[PDB]
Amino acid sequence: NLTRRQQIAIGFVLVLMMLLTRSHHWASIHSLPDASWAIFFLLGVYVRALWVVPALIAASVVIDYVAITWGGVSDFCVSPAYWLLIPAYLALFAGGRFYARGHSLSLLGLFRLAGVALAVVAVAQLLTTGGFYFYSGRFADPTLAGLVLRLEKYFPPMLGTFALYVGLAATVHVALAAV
């Protein structure tokens, strides 16, 4: 049972990581990769309160607006498809909620993880990569084959980012199982 103070800290940390990373889909030499997708999966795993999700979605949107208006980041990725990010975040939340159902924290538990992880990321990847492909307007003549190319391009790096964070969150949990 966390005190209201400890919760505030957690919240800020989330928002912060978003603020810092949301501008890079994958790791630079000078930059950390967007932590948003692992964050929503992790809220599925851990957090019961439901308001927390639509609250962080708020923050995601705001952080993006600022970064593009004031922070001078491309508005390339912003389009009518933008809003498909939301079900992508819910799919990541639900997928964490799933993993939690049958956990065991065993080696087969890590094998169970690697599967869910693949599955939710894929789903978000369709919604974001595919939604942006077909519905942004940036692509003159989108087709299913060009969608597959895209998917093959982005799915893997963007699963790596996810992996790095979720694994690092598992590494940080055994530090709590041993305290």
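In case it trips you up, residue 1 is the first one in the sequence shown, and so on.
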- Query: If you average the CA temperature factors over each stretch, which comes out higher, 37-45 or 111-119?
  - Reply: 111-119
- What stretch has the higher average Cα B-factor here, 79-87 or 96-104? 96-104
- Task: Compare the C-alpha B factor of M18 with those of the other modelled residues in its chain, then answer lowest, middle or highest third.
- Result: lowest
- What third of its chain, lowest, middle or highest, does the C-alpha temperature factor of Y133 fall into? middle
- Item | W51 - which third its CA temperature factor falls in, relative to the rest of the chain | middle
- Message: What third of the chain does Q125 rank in for C-alpha temperature factor, lowest, middle or highest?
- Response: lowest
- Task: Would you please rank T143 by its C-alpha temperature factor against the other modelled residues of its chain and give the third it falls in: lowest, middle or highest?
- Result: highest
